[PDB]
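Undergrad: Below is a structure I'd like to ask you about.
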Amino acid sequence: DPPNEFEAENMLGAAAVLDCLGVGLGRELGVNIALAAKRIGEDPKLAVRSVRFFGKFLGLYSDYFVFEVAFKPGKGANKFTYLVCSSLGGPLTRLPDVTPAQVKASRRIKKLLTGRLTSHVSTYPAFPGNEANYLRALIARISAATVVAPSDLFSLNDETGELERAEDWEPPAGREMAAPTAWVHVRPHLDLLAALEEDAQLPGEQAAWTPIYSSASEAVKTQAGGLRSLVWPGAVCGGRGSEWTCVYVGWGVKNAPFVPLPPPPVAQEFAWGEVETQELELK
Amino acid sequence: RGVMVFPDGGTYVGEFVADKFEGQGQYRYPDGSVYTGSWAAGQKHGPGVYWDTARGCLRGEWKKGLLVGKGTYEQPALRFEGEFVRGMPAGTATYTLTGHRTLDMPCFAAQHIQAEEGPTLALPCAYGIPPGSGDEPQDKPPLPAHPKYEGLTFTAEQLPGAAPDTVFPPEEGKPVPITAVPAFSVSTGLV
Amino acid sequence: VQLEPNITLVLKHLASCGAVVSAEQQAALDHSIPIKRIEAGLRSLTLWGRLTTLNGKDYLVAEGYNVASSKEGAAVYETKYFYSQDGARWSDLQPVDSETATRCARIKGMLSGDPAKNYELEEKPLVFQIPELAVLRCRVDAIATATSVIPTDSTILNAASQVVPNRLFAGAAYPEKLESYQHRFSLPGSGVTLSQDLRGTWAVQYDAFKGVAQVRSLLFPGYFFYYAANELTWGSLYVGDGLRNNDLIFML
Amino acid sequence: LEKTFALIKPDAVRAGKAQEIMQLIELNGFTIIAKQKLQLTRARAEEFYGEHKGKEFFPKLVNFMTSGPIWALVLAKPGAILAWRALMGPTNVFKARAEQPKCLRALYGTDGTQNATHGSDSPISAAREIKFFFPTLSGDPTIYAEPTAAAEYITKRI
């Protein structure tokens, strides 16, 4: 049967850019990931429009490779579908759709993934789903904050409500891509194309995105640039020349002061001023 | 002795003194939480057990309504023993947690497979409250309310250590006065 | 049986765990490590790790030593550390006093990336100024005394009571169990392995078909160790800001 | 020194737990003199349990002891016969799971016949099992070197 068509990014170029910046998963795994995304995108029984590689989540007994597809409820934070695997080339599994309840409930805990999807998550701060739902909530929260793109590459199409990849976009020098004023968000905040410079600063007037460079000398002429996330350690964006990419590799844990949930409040009683025994007059 | 029913749906079965609760009493709140304990002047006072809607029991010694002093809180694989200031935890505490998610997944060391001790930990820690608050009214920063707990801090900077395995529900709480409370151990997991 | 970890194999096996280095830094290391190893008179010198900074100039840290000896029931390695910010020129990473060790232990956050910076602490109000390289050395010391993983019975004691490679080492019988690995500073034949550590601070993933085990530290997330059993090689690397994970009881 | 004959049955082998069982055997001071992973036939599995030809559950067992590959082991320790059985624990998986929750059969057994192990019970039976499975290992030429029984064994050989 004829393989279906699909759009994607230059993934070998993404592996090259990440390797030049010193992040990601290397370049042998870059090849394996590109071939796996090919085997996904060219599948008849799965009519995919576009494939992307979200990143990798490290677990205790296994790991999660995560691909983000588009498939030719279906909007907001469920616009994309997510397929995960333990090893590249193994059988894939579609993650469920995310609900605001489990996003809000995972925002209160901090767990290590066990690498098994059919595992419990929490006892006291009750998480409504199993591990798969926690993973989906993590993916949603990370996508809302880290997936970005170079500025002026996309524009907001009013009527269709989508993004227009302009074809007169010129990248700056690689070492100028390491500024937070050179990237913008391309996922709804959970307005849209806001620069990374206007993020929530960390305690101490510290910017939430830190530069990464490809060479220690400012005189090399063709070098990459990029940013690394402070809030989500393991989330990196970076461009070299005309190519660029975002990815997340890590454990899934946020970088914020963690306060475990206190015991829940205790209920009060009825006001005594309105429930009191009456009496008749005295002699 | 008395039995009382309030227009919100809350009920009380216990002892009264001069038109208010006093002594032993069990109160059932509209939410489904049950407080079985000691009262004085129409409010919780003394040692009582409070099963909450989240199906977890909070013990301790209330004083003028609020849990004050050393208090323990329990859930299937959790236990928090710590100081409480005006119902809010503040000060020294100890968190005891068991790893329930991986009780049936294979162990990393062959020493644990046959060891008669479970995978429980124990961490000394402390909670923290804005300085001006915590006093008793008769400005100052406000206490940490429920949704946000704005101002509540938490500090732990030592290692955890091993601990004896926990069980749920704690026998200090039986007989259980609500429904849908699970049962946790290590030879059985969560039930 | 290897005689010393190979940085190429380390970077190849631990790349899936995100423990990677830049390409320029990789080439620069390939040149710079032998130079420094020779001009310092050391028998062994390897890449220990890479600590991320706020200005993008991560600290590469290298560790070397000459001989390890058994003293007071511990296999003591007289190690010497060097740091770098480009991979080409190595500077010394001098030890820190015990009194300053506590102060630098109190300093948290990601390092600045400016070796001339110094942080401030306040005590009873006496203010101390702690240089950044002191903080770096202290974090490296903590991570080192926590992990320093080697396989079990890969070392041995010789006639002069020194710890030398066991060249007749056959391999770990059960590579997926924590009993197969140990700390470096545990004497050979002492029976102390990683299973004696706090239960739950180590994770092991073993690919039984290719024969590659990966041991990850959960107490210091960022420390990775690999052991390849068909070729009998192993090696570790730290990559991260250097802070300990204190919330471990809530995350397991 | 005492040598006992052990066995890892197909249910433990299929679950991927023979390596864990051997590692625990050696964590408990034993020393595996010999190990082998074979597949027992029907007639040989009969002759192995040949003292139970009239037992009711005999076919139920013999059809299970051929359901896959097994691990035959020869263990050795000072006082090995009874220590091995103290390790395997009770024969009823549920009885064992009630009494010794950290026993071997209480961790890798499921049924009254799927217990995952089979030790010897008497030194006579242990020697017979070992000579049945490992006919190469020489067992106590000292004892069998009787100056009188040797002439009778010569009469047998002629």
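By convention here, the chains of the structure tokens are called A, B, ... in the order presented, each chain's residues are numbered starting at 1, and ligands are numbered starting at 1 in the order presented.
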Identify, with DSSP run on backbone atoms, the residues in region 13-101 of chain A assigned to alpha helix (DSSP H), and express the list as number ranges by chain.

TA: A: 13-21, 28-41, 100-101

Undergrad: So that I have them on file, write out the residues from the current selection with N, CA, C and O atoms, as a tab-separated table (two decimals), in the first residue's frame.

TA:
chain	number	residue	atom	x	y	z
A	13	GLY	N	19.02	17.45	11.28
A	13	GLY	CA	19.51	18.78	11.61
A	13	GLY	C	19.24	19.16	13.05
A	13	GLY	O	20.03	19.88	13.66
A	14	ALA	N	18.14	18.67	13.61
A	14	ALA	CA	17.87	18.91	15.02
A	14	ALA	C	18.90	18.21	15.90
A	14	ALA	O	19.40	18.79	16.87
A	15	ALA	N	19.21	16.95	15.60
A	15	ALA	CA	20.25	16.25	16.33
A	15	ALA	C	21.57	16.99	16.23
A	15	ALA	O	22.30	17.12	17.22
A	16	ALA	N	21.89	17.51	15.04
A	16	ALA	CA	23.14	18.25	14.88
A	16	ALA	C	23.15	19.51	15.73
A	16	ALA	O	24.15	19.82	16.38
A	17	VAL	N	22.05	20.27	15.73
A	17	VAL	CA	22.01	21.51	16.49
A	17	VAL	C	22.13	21.23	17.98
A	17	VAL	O	22.89	21.89	18.70
A	18	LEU	N	21.38	20.24	18.46
A	18	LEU	CA	21.45	19.90	19.88
A	18	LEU	C	22.84	19.45	20.27
A	18	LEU	O	23.36	19.86	21.31
A	19	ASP	N	23.47	18.61	19.45
A	19	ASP	CA	24.82	18.17	19.76
A	19	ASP	C	25.80	19.34	19.77
A	19	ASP	O	26.69	19.39	20.62
A	20	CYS	N	25.64	20.28	18.85
A	20	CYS	CA	26.51	21.45	18.86
A	20	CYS	C	26.30	22.30	20.11
A	20	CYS	O	27.23	22.96	20.56
A	21	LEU	N	25.09	22.30	20.67
A	21	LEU	CA	24.85	23.07	21.88
A	21	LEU	C	25.15	22.30	23.15
A	21	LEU	O	25.24	22.91	24.22
A	28	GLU	N	23.65	9.37	17.75
A	28	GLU	CA	23.19	8.04	17.39
A	28	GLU	C	21.71	7.89	17.70
A	28	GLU	O	20.93	7.38	16.88
A	29	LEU	N	21.30	8.36	18.87
A	29	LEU	CA	19.89	8.38	19.19
A	29	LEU	C	19.13	9.36	18.31
A	29	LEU	O	17.94	9.16	18.07
A	30	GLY	N	19.79	10.40	17.81
A	30	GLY	CA	19.13	11.26	16.84
A	30	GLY	C	18.73	10.51	15.58
A	30	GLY	O	17.62	10.68	15.07
A	31	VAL	N	19.62	9.66	15.09
A	31	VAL	CA	19.31	8.84	13.92
A	31	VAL	C	18.18	7.87	14.24
A	31	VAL	O	17.24	7.70	13.46
A	32	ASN	N	18.27	7.19	15.39
A	32	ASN	CA	17.21	6.26	15.75
A	32	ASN	C	15.87	6.96	15.88
A	32	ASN	O	14.84	6.43	15.45
A	33	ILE	N	15.85	8.16	16.46
A	33	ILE	CA	14.61	8.90	16.63
A	33	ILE	C	14.05	9.31	15.29
A	33	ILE	O	12.83	9.25	15.06
A	34	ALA	N	14.90	9.75	14.37
A	34	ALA	CA	14.41	10.15	13.05
A	34	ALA	C	13.80	8.96	12.32
A	34	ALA	O	12.73	9.08	11.71
A	35	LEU	N	14.44	7.80	12.39
A	35	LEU	CA	13.86	6.63	11.73
A	35	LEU	C	12.57	6.18	12.40
A	35	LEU	O	11.66	5.70	11.72
A	36	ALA	N	12.47	6.33	13.72
A	36	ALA	CA	11.22	5.97	14.39
A	36	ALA	C	10.09	6.91	14.01
A	36	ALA	O	8.96	6.47	13.79
A	37	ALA	N	10.38	8.20	13.93
A	37	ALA	CA	9.37	9.15	13.49
A	37	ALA	C	8.97	8.90	12.05
A	37	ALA	O	7.83	9.17	11.67
A	38	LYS	N	9.89	8.41	11.23
A	38	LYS	CA	9.53	8.00	9.87
A	38	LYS	C	8.58	6.81	9.90
A	38	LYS	O	7.54	6.82	9.23
A	39	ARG	N	8.92	5.77	10.66
A	39	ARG	CA	8.05	4.61	10.74
A	39	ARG	C	6.68	4.97	11.29
A	39	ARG	O	5.70	4.28	11.00
A	40	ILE	N	6.59	6.02	12.10
A	40	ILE	CA	5.29	6.47	12.58
A	40	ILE	C	4.54	7.23	11.50
A	40	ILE	O	3.40	6.91	11.17
A	41	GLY	N	5.18	8.26	10.94
A	41	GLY	CA	4.49	9.12	10.00
A	41	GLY	C	4.05	8.43	8.73
A	41	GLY	O	3.06	8.83	8.11
A	100	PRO	N	-8.69	19.00	32.87
A	100	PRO	CA	-8.16	20.02	33.79
A	100	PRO	C	-8.09	19.55	35.22
A	100	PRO	O	-7.25	20.04	35.99
A	101	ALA	N	-8.91	18.57	35.60
A	101	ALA	CA	-8.87	18.04	36.96
A	101	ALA	C	-7.52	17.39	37.24
A	101	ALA	O	-6.89	17.67	38.27

Undergrad: Any idea what's packed within 12 Å of residue 97 (chain A), counting only C-alpha atoms, ignoring anything in its chain fewer than 4 positions away? Could you give it as a PyMOL selection string?

TA: chain A and resi 73-83+101-103+129+132-137+139-140

Undergrad: Mind listing as number ranges by chain which residues of chain C are within 10 Å of chain A, counting only C-alpha atoms?

TA: C: 11-12, 14-26, 52-58, 85-88, 110, 200, 202-206, 215-216, 218, 221-222, 240-241, 247-252

Undergrad: Take the residues just selected and output them with N, CA and C atoms as a short mmCIF file (atom, residue, chain, number, x, y, z; two decimals), in the first residue's frame.

TA:
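Just written: again-v3.cif:
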data_model
loop_
_atom_site.label_atom_id
_atom_site.label_comp_id
_atom_site.auth_asym_id
_atom_site.auth_seq_id
_atom_site.Cartn_x
_atom_site.Cartn_y
_atom_site.Cartn_z
N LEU C 11 30.67 8.67 27.05
CA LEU C 11 29.77 9.57 26.35
C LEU C 11 28.87 8.81 25.39
N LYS C 12 29.29 7.65 24.92
CA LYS C 12 28.44 6.88 24.02
C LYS C 12 27.32 6.18 24.76
N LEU C 14 26.16 6.79 27.98
CA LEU C 14 25.34 7.63 28.83
C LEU C 14 24.70 8.78 28.08
N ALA C 15 24.71 8.75 26.75
CA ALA C 15 24.06 9.81 26.00
C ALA C 15 22.55 9.70 26.05
N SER C 16 22.02 8.48 26.12
CA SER C 16 20.58 8.30 26.26
C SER C 16 20.06 8.91 27.55
N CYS C 17 20.88 8.94 28.59
CA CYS C 17 20.51 9.55 29.86
C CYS C 17 20.68 11.06 29.84
N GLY C 18 20.88 11.66 28.68
CA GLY C 18 21.06 13.09 28.58
C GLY C 18 22.39 13.61 29.07
N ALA C 19 23.32 12.73 29.45
CA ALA C 19 24.65 13.15 29.89
C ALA C 19 25.51 13.33 28.65
N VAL C 20 25.51 14.54 28.11
CA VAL C 20 26.23 14.85 26.88
C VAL C 20 27.12 16.06 27.11
N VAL C 21 28.07 16.23 26.20
CA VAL C 21 28.97 17.38 26.18
C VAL C 21 28.93 17.97 24.78
N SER C 22 29.28 19.25 24.68
CA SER C 22 29.33 19.90 23.38
C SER C 22 30.35 19.23 22.48
N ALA C 23 30.23 19.48 21.17
CA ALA C 23 31.16 18.89 20.22
C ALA C 23 32.54 19.51 20.34
N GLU C 24 32.60 20.84 20.38
CA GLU C 24 33.87 21.52 20.59
C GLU C 24 34.52 21.06 21.88
N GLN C 25 33.74 20.97 22.96
CA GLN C 25 34.31 20.52 24.22
C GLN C 25 34.77 19.07 24.13
N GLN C 26 34.12 18.25 23.32
CA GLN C 26 34.55 16.87 23.17
C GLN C 26 35.93 16.80 22.52
N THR C 52 26.12 22.88 35.32
CA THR C 52 25.52 23.95 34.55
C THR C 52 25.52 25.25 35.33
N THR C 53 25.62 26.35 34.61
CA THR C 53 25.71 27.68 35.20
C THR C 53 24.68 28.60 34.57
N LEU C 54 24.52 29.77 35.17
CA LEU C 54 23.48 30.70 34.75
C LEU C 54 23.87 31.52 33.53
N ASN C 55 25.15 31.62 33.20
CA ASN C 55 25.60 32.42 32.07
C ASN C 55 26.03 31.57 30.88
N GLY C 56 25.83 30.26 30.94
CA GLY C 56 26.10 29.40 29.82
C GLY C 56 27.49 28.83 29.75
N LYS C 57 28.38 29.21 30.66
CA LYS C 57 29.75 28.68 30.68
C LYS C 57 29.83 27.61 31.76
N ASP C 58 29.39 26.41 31.41
CA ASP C 58 29.36 25.32 32.36
C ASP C 58 30.76 24.93 32.80
N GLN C 85 36.36 25.83 31.78
CA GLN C 85 35.15 26.40 31.21
C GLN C 85 35.16 26.38 29.69
N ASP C 86 36.18 25.78 29.08
CA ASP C 86 36.21 25.60 27.64
C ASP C 86 36.67 24.22 27.22
N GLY C 87 37.24 23.42 28.11
CA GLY C 87 37.73 22.11 27.77
C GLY C 87 39.16 22.07 27.28
N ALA C 88 39.85 23.20 27.26
CA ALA C 88 41.20 23.27 26.74
C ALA C 88 42.25 23.56 27.80
N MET C 110 21.57 27.50 41.20
CA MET C 110 22.51 27.21 40.13
C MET C 110 23.68 28.18 40.19
N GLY C 200 16.19 2.68 48.02
CA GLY C 200 15.43 3.59 47.19
C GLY C 200 16.20 4.75 46.62
N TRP C 202 18.86 4.37 44.60
CA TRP C 202 19.49 3.93 43.36
C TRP C 202 18.46 3.27 42.47
N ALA C 203 18.57 3.48 41.17
CA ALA C 203 17.76 2.77 40.19
C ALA C 203 18.67 2.04 39.23
N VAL C 204 18.26 0.86 38.78
CA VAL C 204 19.06 0.05 37.88
C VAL C 204 18.17 -0.40 36.73
N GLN C 205 18.59 -0.10 35.50
CA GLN C 205 17.94 -0.61 34.30
C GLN C 205 18.95 -1.47 33.56
N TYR C 206 18.59 -2.72 33.29
CA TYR C 206 19.51 -3.66 32.68
C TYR C 206 18.92 -4.19 31.39
N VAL C 215 22.99 2.51 36.10
CA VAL C 215 22.69 2.78 37.50
C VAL C 215 22.58 4.28 37.66
N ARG C 216 21.40 4.75 38.02
CA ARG C 216 21.14 6.17 38.21
C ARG C 216 20.99 6.49 39.68
N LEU C 218 19.24 8.52 42.49
CA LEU C 218 18.04 9.30 42.73
C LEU C 218 18.24 10.33 43.82
N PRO C 221 20.21 13.39 41.52
CA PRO C 221 19.77 13.18 40.13
C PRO C 221 20.71 13.88 39.17
N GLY C 222 21.32 13.10 38.29
CA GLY C 222 22.32 13.62 37.39
C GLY C 222 23.57 12.77 37.39
N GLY C 240 24.79 18.19 35.82
CA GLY C 240 23.74 18.91 36.51
C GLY C 240 24.29 19.94 37.46
N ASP C 241 23.37 20.67 38.11
CA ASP C 241 23.77 21.83 38.89
C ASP C 241 24.43 21.48 40.22
N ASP C 247 13.75 16.09 48.66
CA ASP C 247 12.36 15.67 48.65
C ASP C 247 12.18 14.23 48.26
N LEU C 248 13.21 13.40 48.40
CA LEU C 248 13.16 12.05 47.84
C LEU C 248 12.05 11.22 48.45
N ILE C 249 11.76 11.42 49.74
CA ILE C 249 10.75 10.60 50.38
C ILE C 249 9.38 10.86 49.78
N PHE C 250 9.13 12.07 49.30
CA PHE C 250 7.84 12.39 48.70
C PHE C 250 7.76 12.02 47.23
N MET C 251 8.88 11.72 46.59
CA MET C 251 8.90 11.46 45.16
C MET C 251 8.92 9.98 44.81
N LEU C 252 9.29 9.12 45.74
CA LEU C 252 9.29 7.69 45.49
C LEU C 252 7.89 7.12 45.59
#

Undergrad: Check the smallest atom-to-atom distance from each of D:148, D:31, D:110, D:122 to residue 75 (chain D) using only C-alpha atoms, then report the winner.

TA: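 Residue with the minimum atom-to-atom distance to residue 75 (chain D): D:31.
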
Undergrad: Let me make sure I understand: among A:267, A:236, A:84, A:193, which one has the smallest atom-to-atom distance to chain B if we use only C-alpha atoms?

TA: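 Once distances to chain B are computed over only C-alpha atoms, the minimum belongs to A:267.
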
Undergrad: Calculated over only C-alpha atoms, which of the candidates C:174, C:119, C:83, C:227 has the smallest distance to chain D?

TA: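 Of all the options, C:174 lies closest to chain D.
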
Undergrad: Tell me which protein, DNA and RNA residues are within 12 Å of residue 157 (chain A), counting only C-alpha atoms, leaving out same-chain ones fewer than 5 positions away, and put them as an mmCIF file with N, CA, C and O atoms, in the first residue's frame.

TA:
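Written out: part-v9.cif:
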data_model
loop_
_atom_site.group_PDB
_atom_site.id
_atom_site.type_symbol
_atom_site.label_atom_id
_atom_site.label_comp_id
_atom_site.auth_asym_id
_atom_site.auth_seq_id
_atom_site.Cartn_x
_atom_site.Cartn_y
_atom_site.Cartn_z
ATOM 1 N N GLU A 162 -4.751 30.023 13.266
ATOM 2 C CA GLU A 162 -3.607 29.129 13.206
ATOM 3 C C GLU A 162 -2.358 29.957 12.942
ATOM 4 O O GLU A 162 -2.374 31.190 13.015
ATOM 5 N N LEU A 163 -1.267 29.267 12.629
ATOM 6 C CA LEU A 163 0.041 29.881 12.480
ATOM 7 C C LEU A 163 0.509 29.766 11.038
ATOM 8 O O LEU A 163 0.377 28.711 10.412
ATOM 9 N N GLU A 164 1.068 30.856 10.523
ATOM 10 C CA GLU A 164 1.524 30.942 9.141
ATOM 11 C C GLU A 164 3.043 30.999 9.132
ATOM 12 O O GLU A 164 3.630 32.022 9.496
ATOM 13 N N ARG A 165 3.677 29.914 8.704
ATOM 14 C CA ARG A 165 5.132 29.890 8.601
ATOM 15 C C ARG A 165 5.549 30.766 7.430
ATOM 16 O O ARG A 165 5.492 30.348 6.273
ATOM 17 N N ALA A 166 5.962 31.994 7.727
ATOM 18 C CA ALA A 166 6.446 32.884 6.684
ATOM 19 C C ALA A 166 7.708 32.313 6.053
ATOM 20 O O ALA A 166 8.477 31.594 6.693
ATOM 21 N N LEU A 192 -0.410 34.415 22.657
ATOM 22 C CA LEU A 192 0.117 33.158 22.144
ATOM 23 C C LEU A 192 1.567 33.287 21.696
ATOM 24 O O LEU A 192 2.429 32.555 22.184
ATOM 25 N N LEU A 193 1.863 34.203 20.782
ATOM 26 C CA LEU A 193 3.230 34.375 20.295
ATOM 27 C C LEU A 193 3.984 35.412 21.118
ATOM 28 O O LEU A 193 4.553 36.364 20.590
#

Undergrad: Only residues of chain B matter here; which ones have an atom within 8 Å of chain D, counting only C-alpha atoms? Give them as JSON, numbers by chain.

TA: {"B": [110, 113, 114, 115, 116]}

Undergrad: At most 12 Å is the cut-off: for each residue in chain C with any atom that close to an atom of chain D, write down the nearest atom pair and the distance in Å rounded to one decimal, counting only C-alpha atoms, chain first then increasing number, as JSON lines.

TA:
{"residue": "C:172", "atom": "CA", "partner": "D:23", "partner_atom": "CA", "distance": 11.8}
{"residue": "C:173", "atom": "CA", "partner": "D:23", "partner_atom": "CA", "distance": 8.9}
{"residue": "C:174", "atom": "CA", "partner": "D:19", "partner_atom": "CA", "distance": 7.7}
{"residue": "C:175", "atom": "CA", "partner": "D:19", "partner_atom": "CA", "distance": 10.7}
{"residue": "C:176", "atom": "CA", "partner": "D:20", "partner_atom": "CA", "distance": 10.0}
{"residue": "C:177", "atom": "CA", "partner": "D:20", "partner_atom": "CA", "distance": 9.1}
{"residue": "C:178", "atom": "CA", "partner": "D:23", "partner_atom": "CA", "distance": 12.0}
{"residue": "C:179", "atom": "CA", "partner": "D:23", "partner_atom": "CA", "distance": 10.1}
{"residue": "C:180", "atom": "CA", "partner": "D:23", "partner_atom": "CA", "distance": 11.2}
{"residue": "C:191", "atom": "CA", "partner": "D:27", "partner_atom": "CA", "distance": 11.6}
{"residue": "C:208", "atom": "CA", "partner": "D:16", "partner_atom": "CA", "distance": 11.7}

Undergrad: Select all residues from chain B having any atom no more than 8 Å from an atom of chain C (counting only C-alpha atoms, ignoring ligands), output as a PDB file with N, CA and C atoms, in the first residue's frame.

TA:
ATOM      1  N   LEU B  97       6.749   7.776  55.051  1.00  0.00           N
ATOM      2  CA  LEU B  97       6.111   7.390  53.807  1.00  0.00           C
ATOM      3  C   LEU B  97       6.592   6.021  53.374  1.00  0.00           C
ATOM      4  N   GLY B  99       6.629   3.243  50.060  1.00  0.00           N
ATOM      5  CA  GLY B  99       6.532   3.207  48.618  1.00  0.00           C
ATOM      6  C   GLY B  99       5.559   2.146  48.163  1.00  0.00           C
ATOM      7  N   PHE B 108      15.488  -3.949  43.392  1.00  0.00           N
ATOM      8  CA  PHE B 108      16.782  -3.666  42.792  1.00  0.00           C
ATOM      9  C   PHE B 108      17.893  -4.481  43.436  1.00  0.00           C
ATOM     10  N   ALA B 109      17.773  -4.784  44.721  1.00  0.00           N
ATOM     11  CA  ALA B 109      18.764  -5.574  45.432  1.00  0.00           C
ATOM     12  C   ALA B 109      18.151  -6.889  45.877  1.00  0.00           C
ATOM     13  N   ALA B 110      18.924  -7.965  45.781  1.00  0.00           N
ATOM     14  CA  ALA B 110      18.451  -9.243  46.289  1.00  0.00           C
ATOM     15  C   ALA B 110      18.447  -9.298  47.807  1.00  0.00           C
ATOM     16  N   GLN B 111      18.943  -8.259  48.473  1.00  0.00           N
ATOM     17  CA  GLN B 111      18.847  -8.186  49.925  1.00  0.00           C
ATOM     18  C   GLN B 111      17.433  -7.844  50.370  1.00  0.00           C
ATOM     19  N   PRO B 119       9.801  -1.226  52.677  1.00  0.00           N
ATOM     20  CA  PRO B 119      10.424  -0.053  52.048  1.00  0.00           C
ATOM     21  C   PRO B 119       9.864   1.267  52.574  1.00  0.00           C
ATOM     22  N   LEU B 121      10.333   4.906  54.729  1.00  0.00           N
ATOM     23  CA  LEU B 121      11.325   5.917  55.051  1.00  0.00           C
ATOM     24  C   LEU B 121      10.793   6.807  56.164  1.00  0.00           C
ATOM     25  N   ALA B 122      11.601   7.787  56.556  1.00  0.00           N
ATOM     26  CA  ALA B 122      11.215   8.725  57.606  1.00  0.00           C
ATOM     27  C   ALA B 122      12.119   9.936  57.507  1.00  0.00           C
ATOM     28  N   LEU B 123      11.524  11.114  57.388  1.00  0.00           N
ATOM     29  CA  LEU B 123      12.260  12.343  57.154  1.00  0.00           C
ATOM     30  C   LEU B 123      11.932  13.350  58.242  1.00  0.00           C
ATOM     31  N   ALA B 156      13.505  21.027  54.769  1.00  0.00           N
ATOM     32  CA  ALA B 156      14.081  19.741  55.130  1.00  0.00           C
ATOM     33  C   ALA B 156      15.466  19.688  54.515  1.00  0.00           C
ATOM     34  N   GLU B 157      16.486  19.464  55.341  1.00  0.00           N
ATOM     35  CA  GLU B 157      17.854  19.501  54.841  1.00  0.00           C
ATOM     36  C   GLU B 157      18.703  18.369  55.398  1.00  0.00           C
ATOM     37  N   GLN B 158      18.090  17.383  56.034  1.00  0.00           N
ATOM     38  CA  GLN B 158      18.779  16.179  56.454  1.00  0.00           C
ATOM     39  C   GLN B 158      18.387  15.031  55.543  1.00  0.00           C
ATOM     40  N   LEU B 159      19.091  13.931  55.688  1.00  0.00           N
ATOM     41  CA  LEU B 159      18.713  12.734  54.974  1.00  0.00           C
ATOM     42  C   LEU B 159      17.503  12.092  55.634  1.00  0.00           C
ATOM     43  N   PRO B 160      16.761  11.279  54.897  1.00  0.00           N
ATOM     44  CA  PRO B 160      15.795  10.381  55.526  1.00  0.00           C
ATOM     45  C   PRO B 160      16.490   9.140  56.063  1.00  0.00           C
ATOM     46  N   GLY B 161      15.731   8.352  56.821  1.00  0.00           N
ATOM     47  CA  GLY B 161      16.231   7.100  57.338  1.00  0.00           C
ATOM     48  C   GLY B 161      15.149   6.043  57.294  1.00  0.00           C
ATOM     49  N   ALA B 162      15.558   4.803  57.534  1.00  0.00           N
ATOM     50  CA  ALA B 162      14.590   3.721  57.590  1.00  0.00           C
ATOM     51  C   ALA B 162      13.630   3.939  58.753  1.00  0.00           C
TER      52      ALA B 162
END

Undergrad: Closest to residue 51 (chain B) among B:64, B:28, B:70, B:79, using only C-alpha atoms?

TA: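 Comparing B:64, B:28, B:70, B:79 against residue 51 (chain B), the winner is B:28.
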